[PDB]
Structures are given as structure tokens and as C-alpha cells.
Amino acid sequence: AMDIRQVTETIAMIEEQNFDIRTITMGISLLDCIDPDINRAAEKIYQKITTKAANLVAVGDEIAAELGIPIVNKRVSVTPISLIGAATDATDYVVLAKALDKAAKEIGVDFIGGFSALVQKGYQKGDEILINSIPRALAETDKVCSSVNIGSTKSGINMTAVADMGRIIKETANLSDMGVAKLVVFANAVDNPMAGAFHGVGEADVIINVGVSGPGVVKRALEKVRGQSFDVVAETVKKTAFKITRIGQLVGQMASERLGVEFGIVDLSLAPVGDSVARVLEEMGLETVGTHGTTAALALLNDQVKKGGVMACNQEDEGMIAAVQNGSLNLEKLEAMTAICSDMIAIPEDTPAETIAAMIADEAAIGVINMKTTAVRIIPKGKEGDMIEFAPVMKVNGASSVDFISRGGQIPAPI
């Protein structure tokens, strides 16, 4: 909601339907906290985050109060810590993760992201000390998340790193319960958010981005067009998405004003606060998520939502688990579905490191060849068909990938 016409239309919308904010995230630059004395740097990071984001949760709560809608999460993201680490001689960067945990705790946010590295063109100074800090850092902090970007359409895939991330994912899991829940591997990150957020260099010193609701609101809108054609279904997804995005903008403009900070973007559509998605696709007229059709349906959802959102300038899930259990959702369906779209996949604990690497490789390839963002979060804990809690632990193909993953190097290009 920018001029009065748009705010007003937006408040009209907040009346006829029920929307909710998934997150409000503030990104902070930490470049100015660079110090070759890593402890001085730890302190600079701290004062800074606690200053700039001092009011973030209060204001988030006020906004929720005025609009009469809930705000699930309030988060912060930051400059990839490897670049801060890099200015140092430190041999590990956990200490920097701790400045983040203590900042978070103090300002009351749920999570702070960006203990990250970006290693698609190869490891640069900082990258490996960062990545080998991951298992310890994620065990010794509660609110910090990490992400590592390992390929890009423009640089291809750094498989040296994908192989490390297999070993890393496992040391992270055996060193704490829920650490692997805060690590995500990516492709085509290098950006805003996401449980893998970080704040890109050459973004504002401080900005607020918000991501908004979705499924439930879309489910209620499809139910009104049962039996109706694909043309109708699609106009429906787009019009809902256009409103969903407007509310996001209203919340971001408000937030940005009260904090005296620029507003950046709003985005897009997962599922938390007792929401849907698997039900959204099923209401499109499939019987169970995962069956034949499901990938056209989610290509429909995604595409039209994207276009709804562009129409205003922009840019978990019980449905799913039941389908994993009744076995009509399958790991390779999900992989299929990442082709047109896209985490929290559970796999058995004993899964060899190279198998994790190849899952990642599989996912990054799709992302890379198809100019898409991909993001794996693998949890390897448990047995063949258990039930972790923070996920059904899924079937993993038992045929080896060792040789592959031992090769090393860079997969180039694409044409």
C-alpha cells in the first residue's frame, strides 16, 4: 500500500479474507564490523545488530495489532560470515556464530541467518574455515542458521564443495539434535530470503523484507471454482496472489516507516499456521498429492502465483507427510517437483556421506541448468521409516554414489 488508493484497497482486502505474515526479516550489513581481531569483530557485530534491530519485534507486534492479523516470525539476516571471518586469521569462526546467537537472543527474534558461504566458483579465503565451522557452530547456538551456496547457472557446480557438504551435513547431525535443521545447501543463491537467508553485499545497510501467507487463502479460493476450467483456476490463483502480495507490501511499508528503514521486497509461498499446499494441489482435483498430475498442478500454482506477484511488482505441511506415509509421495516425486518450482526432507541416519552429496548434486543440477534457485535441507537421523520432530524419514536408494562424488572439481557452463 503506497498511495492512498492502494492502502485503502489493501485495507479492503484485509476485511474480506484472512491473511497472515510468514515473516518480517530485517537484513543488516556487517561489512563495517570488519576487524582483523576477530573478537573486536564479534563485539562490533553484536552492538550493531542489537542497535539496528532493537525495535523490530515491538514494531512487528504493533503492526499485527493494527491490521488484525498474525505475524508468525520476526528474523534478521546478515552478510555472509565467511567474509567477516576472512578478514581474520582465525582458524574457525564459531565465535562469530556466538555474536549472532547473543544478538538474536537479546532482541528477541526467532532466527538470524547468514553464517554462510558462497563457493560456486571455488573456495576463496574464508570459505573452508567457514564451512568447517558449521557443525560446531550449529551445535553451540540456538537461533543461528547457516547456508552454503555451491553452484550457479553462471559458474556451474563446485562439486569439491558438494562432496564436503556431504561430510559436513553428517558432522552437523551427530553433534546436536536439531542443528541440521538450521543448515541449508543451495544453488543459485547469490539475494534476499527463507530458512537459508543472508544479506548480500551491495544491498542497503538495513532493509526489511517480508514474506507472506498463501495456501489456506488459495485453498479457499479454489473451493469456489470446483469443476471450472484451467483458465478459471489460473485466473483464480493469480488474483489471490495479487492480493496476498498487496498485504505484504502494506506490512512492509508500515514496518519500514516505523523503523525508519527502507522496505525492499515481498515474496512467495510455503506453509507453516495450520496451513495447506498439499491440500491446494489436491483441491485442483487430484486425489492425493504425489499422484499423476501433481507436477502440472504445482507448475500451475507456482507460475500463476509468480504472475500475481508481478502484477503488484515484487520479486511443516501435514498434507505432505500423510502422503509420505501412505506412500504416495516419494523422494523422486519431490525431486521431480523441484524442477518446476521449490526442504526438511528426513533420511536415515546411517546414510553414507556421498549419498547426501549426490542428492545435493541432483538438486543443484536442476537448479543450475534451469535458472532456478535450489535449496536442500537434509536431516539424516533415524531408520528406514521412522518419524523425527522439531518429517517422515524416507526411503533412500541404496546403490552407491561414491565414485561420482570422489571425482572432485567443477561442473562448468551450461550452454
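Note that residue numbering begins at 1 and tracks the sequence as displayed.
**Q** Report, from the record, the number of residues in the deposited sequence between residue 288 and residue 289 that have no coordinates, as none, 1 to 3, 4 to 9, or 10 or more.
**A** The entry has no unmodelled residues between residue 288 and residue 289.
**Q** Indicate whether the chain is continuous between residue 190 and residue 191 or, if not, how many deposited residues are absent from the coordinates: none, 1 to 3, 4 to 9, or 10 or more.
**A** Unmodelled stretch: 1 to 3 residues, a short break.
**Q** According to the deposited model, is the average Cα temperature factor higher in 329-337 or in 103-111?
**A** Between 329-337 and 103-111, it is 329-337.
**Q** Mean CA B-factor: is it higher for 29-37 or for 379-387?
**A** According to the entry, 379-387 carries the higher average C-alpha B-factor.
**Q** From the list 126, 166, 196, 248, select the residue with the highest C-alpha B factor recorded in the entry.
**A** Within the set 126, 166, 196, 248, 196 shows the top C-alpha B-factor.
**Q** If I read the C-alpha B-factors straight from the PDB entry, which of 270, 298, 130, 138 is highest?
**A** Going by the entry's C-alpha B-factors, 270 comes out highest.
**Q** Quick check on the deposited entry: does the C-alpha B-factor of residue 406 sit in the lowest, middle or highest third of its chain?
**A** Bottom third by C-alpha B-factor.
**Q** Sorting the chain's CA B-factors, does residue 70 end up in the lowest, middle or highest third?
**A** For residue 70, the deposited C-alpha B-factor lands in the highest third.
**Q** Should residue 371 be placed in the lowest, middle or highest third of its chain by the C-alpha B factor in the entry?
**A** It falls in the top third of the chain.
**Q** Among the modelled residues of its chain, does the C-alpha B-factor of residue 225 lie in the lowest, middle or highest third?
**A** Middle third, going by the recorded CA B-factors of the chain.
**Q** Looking at the entry's B-factor column for C-alpha atoms only, identify whether residue 276 ranks in the lowest, middle or highest third of its chain.
**A** It belongs to the highest third of the chain when residues are ordered by C-alpha B-factor.
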